[PDB]
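Student: pasting the first chains of the complex, positions unchanged:
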Amino acid sequence: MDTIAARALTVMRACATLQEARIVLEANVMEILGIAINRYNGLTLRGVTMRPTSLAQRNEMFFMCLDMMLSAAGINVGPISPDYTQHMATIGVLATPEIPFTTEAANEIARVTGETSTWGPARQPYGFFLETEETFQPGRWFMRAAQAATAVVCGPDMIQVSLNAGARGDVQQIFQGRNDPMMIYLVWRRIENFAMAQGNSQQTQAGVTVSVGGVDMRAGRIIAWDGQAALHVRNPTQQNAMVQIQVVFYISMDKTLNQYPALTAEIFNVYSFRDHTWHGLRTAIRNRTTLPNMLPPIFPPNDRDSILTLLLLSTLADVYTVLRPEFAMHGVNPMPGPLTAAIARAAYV
Amino acid sequence: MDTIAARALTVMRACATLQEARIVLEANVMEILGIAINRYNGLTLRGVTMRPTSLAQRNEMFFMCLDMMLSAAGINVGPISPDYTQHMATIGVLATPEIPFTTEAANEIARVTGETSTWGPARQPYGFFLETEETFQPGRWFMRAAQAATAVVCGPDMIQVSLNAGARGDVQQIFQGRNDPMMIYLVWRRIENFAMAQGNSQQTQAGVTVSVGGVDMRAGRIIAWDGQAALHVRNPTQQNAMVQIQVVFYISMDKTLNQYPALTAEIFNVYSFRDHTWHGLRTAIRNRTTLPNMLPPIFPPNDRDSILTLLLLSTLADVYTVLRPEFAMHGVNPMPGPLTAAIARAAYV
Amino acid sequence: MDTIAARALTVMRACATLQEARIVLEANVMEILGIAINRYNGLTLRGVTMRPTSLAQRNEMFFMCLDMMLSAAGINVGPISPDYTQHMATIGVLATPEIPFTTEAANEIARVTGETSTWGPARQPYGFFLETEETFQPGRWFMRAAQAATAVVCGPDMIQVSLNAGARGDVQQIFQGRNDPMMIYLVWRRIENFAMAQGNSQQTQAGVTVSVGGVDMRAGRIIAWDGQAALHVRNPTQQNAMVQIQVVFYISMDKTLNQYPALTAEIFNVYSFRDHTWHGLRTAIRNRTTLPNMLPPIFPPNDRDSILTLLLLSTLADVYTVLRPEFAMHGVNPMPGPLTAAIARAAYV
């Protein structure tokens, strides 16, 4: 199956080489398309040419890639065009060890299947305390009833602890219960000039300390906190003190956009407009998938199929560009105008 | 035209494979390299060797890549060296359909020209309210005269709304007029403890409701706001209230650094020092462009020529590395002593 | 006539096997279709192909199935299409012994004809007392003037009997007169806490007894009542007592949806939308029948013709699905391509 995808990929990538009519191709390309087109036209019964020129020929070729792309992705688009009709037979041609696949294509799939199947540590995208309902003003004192030390959120990646003179206590429990971090990188600072319950300016005397799991840590330095250790703050000072602890960044086993090389750029390419025909095509294709038909997912996918599909589509996108195909699509009405940022904007629902 | 670029590109990446060849593996490449070098040497009258060894031979080959790279970028650097002279004829060498190009080069270009010619949705880099002249203290109450609900910017990606007990109102207009977003992603929270006009602490009671386009939304959750729907906040509570709304990230059709795969890394590679000769060269080249001659552009380019040029330079950079060219350059004075971060820092004006 | 229908069915089913073009057919199929199609084209004068590809070919074939479907059901649709025309002669084709029919089809019809022509016991669909005009509050005491025992309905499948201390009496008559059951399945309980004429909570003491035809029955157990035996309740207790007797379910000789295997799923299939073409067709067809033209009959049919028609049509539906016919009917304005639940909803007048 990986092999199938690698092939479909290799073929499309090679079709992308046809920028002109007469130009000579690299032998590698000829070999690939030669065998491919043969077995393809064989079981397809369609008339694809190594060297398309007309348009009708270019369409035919694009359809081929499209056929393979869909077949490699395992998609059944259905009646979406009066001009194009998907051939299930395409899959039979890809499963055929006859058609080769580049080493790059091999490793590309090997990586996708590789990471997609397991997990790993990754710098998360947003602030730690992003999914919080209540936030407190930063720098403002706040002591909960009966407590000598009161830690509280003040931002998406910010917390501040209010300590009474001579007070001390554990803070960790403010972080816990959220997500499933493996390592949280901290950096604490002294809130040198903060607001009091009434509005008067108050100073935090130099001498307050923060120790993790027992060891004392410096302020303004990064700290590798395992999220489990004893996050302890002490106020040996004879005055009220407030300190802010910052989650510069943390790491979890959730899939980020850096799971596979330049995944971002690809997604951009797929989601890009080009023209109505492309747009609706790309849309109509993803309508069969778990992916947002025309707007970048908020959250990066984590399954083989998704990543793969995007890659194939992204490539198929470039193929579309070089081929300049032209055909009908149910529900799509093309505006002949030169196309502007504006016209594109409108297209997205 | 793109074909010309692909060719030139192919050539360079190929020249960057003679660190020591001893029977090349990629037969594809060779066929092309030979062809190209012959065509070049014919119209150039220079003597480029398949296997450079001396230095003069290495310089020769480099100069070639340079010539092609420049011709491909549509750049005429003029007299920048006593050793190198640019041959415009180079364009006539890349125009020949006799010269093939790798599938790699083909796709590389197809991507560039592809996206560079159209638009697409992309996560913007900086905070929404970054281009603001005025900002307010976070958590601090503020009610503009005669208004019962006063929304205001408190950060680059932060706003806070001051509501009087029993008050309500639309907030959307604070966002509008700025940029041209397609989708803004929000997350609102209740500012549990905030400063009053006088400085006294105040509580925001639970029950405040934020509804988009009519539907009521939860706090601490991400929200897909189209920028046109009704952003309404209600304060059914018998006390003042302050809620903070956050633009976690937005998307627009403005080109970002992810318009093309690992564009970032390439740019770094171009703007990197290496040595004085390279430095001044890379500069002298960009002086003919719209791109900053020695400091990474603040804003990611959006035109073909820009992106392309960078790529060619990035590649020509590597070619420079492997070849170890040695030559003069008007206005450049080489300091042969080993090289340190210090010596480099100095070179950047 | 059984034979005729069986054949018409067999044929349609066979055409449904033509999912693709170059696929190998099950020997059995070719054999049938051949004899059929030729004989049809013989008496029809139409040009049906055993392996359609064009569209007009597919239409012709569909028209054939349609021609037969109607004939087998004895339906004359009339001038409903400028493209299709019904050939009454089709019936003669279904009457030719030379065209065989599957064992499946034979048994299928034999089942329909079998049950349709006779009656049988079946778990009825709705509550026993569904067709009641007056209903009483459940658990609320109620004694009709001059009576010591007063039974009354408190739901679609619920009756409660109000008993005075020391009272007793037969209840059966409340059930009689309605429908024509063969066996009513009861289960009685004591209303431990009920409302009195004034509103005060009253208890029902343990010791009350219900007896059918003389034999005493336990509470909370299912009782097979013949509807004719004496339903006697006794209140030997020294307090008022209320008992609820429940008709869990009953069986009569009426036709339910379980008269013929998965009749339900079939009906759903017939009434399903697909597209304006199918819809309008399926509609216009049933306009010749006693069946609702576009909404599942409240009550399950009971005559051969209805059941038959449904089945045939259901199958012709599937044929339509594989053949993808394209043509128009007077009064039908089709919207091609992307159909949505919304567009479908709207289609049902």
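Tutor: The structure has been received and is ready for your questions. Residues are numbered from 1 along each chain as shown, chains lettered A, B, ... in the order given.
Student: C-alpha only now, for contacts and for neighbours.
Tutor: Noted.
Student: and chain A, which of its residues are near chain C?
Tutor: Residues of chain A found near chain C (C-alpha under 8 Å from any C-alpha of the partner chain) are A:79-81, A:330-331.
Student: farthest pair in the residues you listed?
Tutor: A:79 and A:331 (11.5 Å; C-alpha to C-alpha).
Student: So which of the two has more stuff around it?
Tutor: Comparing residue A:79 with residue A:331 by other C-alpha atoms under 10 Å in any protein chain shown, the one with more neighbours is residue A:79, at 16 against 13.
Student: rewinding a little: the residues of chain A next to chain C in helices, which ones?
Tutor: Among the residues of chain A next to chain C, DSSP state H puts none in helices.
Student: Could you point out the longest helix of chain A?
Tutor: What stands out as the longest helix in chain A, according to DSSP H, is helix A:304-323.
Student: and stretch A:124-133, anywhere near chain B?
Tutor: Yes. Residues of stretch A:124-133 contacting chain B under C-alpha under 8 Å from any C-alpha: A:126, A:130-133.
Student: okay, and the common contacts of residue A:79 and residue A:331?
Tutor: Both residue A:79 and residue A:331 are in contact with residue C:337, where contact means C-alpha atoms under 8 Å, 6 or more residues apart in numbering or on different chains.
Student: Near chain B, which residues of the stretch 1-150 of chain A? Just list them.
Tutor: Residues of the stretch 1-150 of chain A lying near chain B by C-alpha under 8 Å from any C-alpha: A:13-14, A:16-17, A:19, A:22-29, A:126, A:130-138, A:140, A:142.
Student: so where do the helices sit in chain A?
Tutor: Applying DSSP H to chain A gives helices spanning A:2-15, A:27-44, A:56-73, A:90-94, A:103-117, A:263-271, A:276-286, A:304-323, A:341-347.
Student: These: which one's closest to residue A:212?
Tutor: Nearest of the helices of chain A to residue A:212, taken as C-alpha to C-alpha: helix A:103-117 at 33.4 Å.
Student: got the contact list for that closest one?
Tutor: In this structure, residues lying in contact with helix A:103-117 by C-alpha under 8 Å, 6+ apart are A:2-3, A:5-7, A:9-10, A:259-260, A:302-304, A:307-308.
Student: OK, contacts around the residue in the stretch 51-200 of chain A positioned nearest to chain B?
Tutor: Residue of the stretch 51-200 of chain A nearest chain B, by C-alpha to the nearest C-alpha: residue A:199 (3.8 Å). For residue A:199, the contacting residues are B:195, B:198-201, by C-alpha under 8 Å, 6+ apart.
Student: Quick one, which of these are buried?
Tutor: Buried members of these, counted by 16 or more other C-alpha atoms under 10 Å in any protein chain shown: B:195, B:199, B:201.
Student: Go ahead and add chain D:
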Amino acid sequence: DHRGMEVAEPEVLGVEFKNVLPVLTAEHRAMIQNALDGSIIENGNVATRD
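Tutor: Chain D goes in next, on the same frame as the chains above:
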């Protein structure tokens, strides 16, 4: 030609099995026969072809 399909003659395949045939169980024989008239000419009924 065989049952509406055009199949390849055992000669164009890649095997010497004639040796085996005589020792085959009615069952095995049959199986193989199907495999033989199994391999068809894909496009088969099309004419034109090439």
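Student: Give me the helices and strands touching the longest helix of chain A, please.
Tutor: For helix A:304-323, the contact count by 3 or more C-alpha pairs under 8 Å, 6 or more residues apart in numbering or on different chains; DSSP states H and E identifies helix A:2-15, helix A:56-73, helix A:103-117, helix A:263-271, helix A:276-286, helix B:103-116 as packing neighbours.
Student: What residues sit buried inside the longest one?
Tutor: To tie it back to what came earlier, the one meant is helix A:56-73. By neighbour count on 16+ other C-alpha under 10 Å, the buried set for helix A:56-73 is A:57-73.
Student: got the helices and strands packed on helix A:304-323 as a markdown table, with distance to chain D columns?
Tutor: As requested, the helices and strands packed on helix A:304-323 are exported to a markdown table (distance: least, C-alpha to the nearest C-alpha, whole Å):
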| stretch | distance to chain D |
| --- | --- |
| helix A:2-15 | 21 |
| helix A:56-73 | 18 |
| helix A:103-117 | 30 |
| helix A:263-271 | 36 |
| helix A:276-286 | 29 |
| helix B:103-116 | 31 |
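Student: so what's residue A:23 up against?
Tutor: For residue A:23, the contacting residues are B:97-100, by C-alpha under 8 Å, 6+ apart.
Student: how much space between it and chain D?
Tutor: As judged by C-alpha to the nearest C-alpha, to the nearest Å, residue A:23 and chain D stand 28 Å apart.
Student: Likewise for residue A:174?
Tutor: For residue A:174, the distance to chain D equals 68 Å [C-alpha to the nearest C-alpha].
Student: ditto for residue A:210
Tutor: 77 Å.
Student: residues in contact with that residue?
Tutor: Neighbour list for residue A:210: A:216-218, A:231-234 [criterion: C-alpha under 8 Å, 6+ apart].
Student: give me that answer again for 10 Å
Tutor: With contact set as C-alpha atoms under 10 Å, 6 or more residues apart in numbering or on different chains, residue A:210 has these partners: A:168-170, A:188-189, A:216-219, A:231-235, A:243, A:245.
Student: Spatially, what comes nearest to it if we skip its sequence neighbours?
Tutor: Nearest residue to residue A:210 in three dimensions, chain neighbours excluded: residue A:233, at 4.4 Å (C-alpha to C-alpha, 6 or more residues apart in numbering or on different chains).
Student: Confirm for me that the one you found is in contact with residue A:148.
Tutor: No. Residue A:233 lies out of contact with residue A:148 (C-alpha atoms under 10 Å); the separation is 11.3 Å.
Student: and for the two, which residues touch both?
Tutor: Joint contacts of residue A:233 and residue A:148 (C-alpha under 10 Å, 6+ apart) are A:163, A:167-169.
Student: Right, I'll leave it there.
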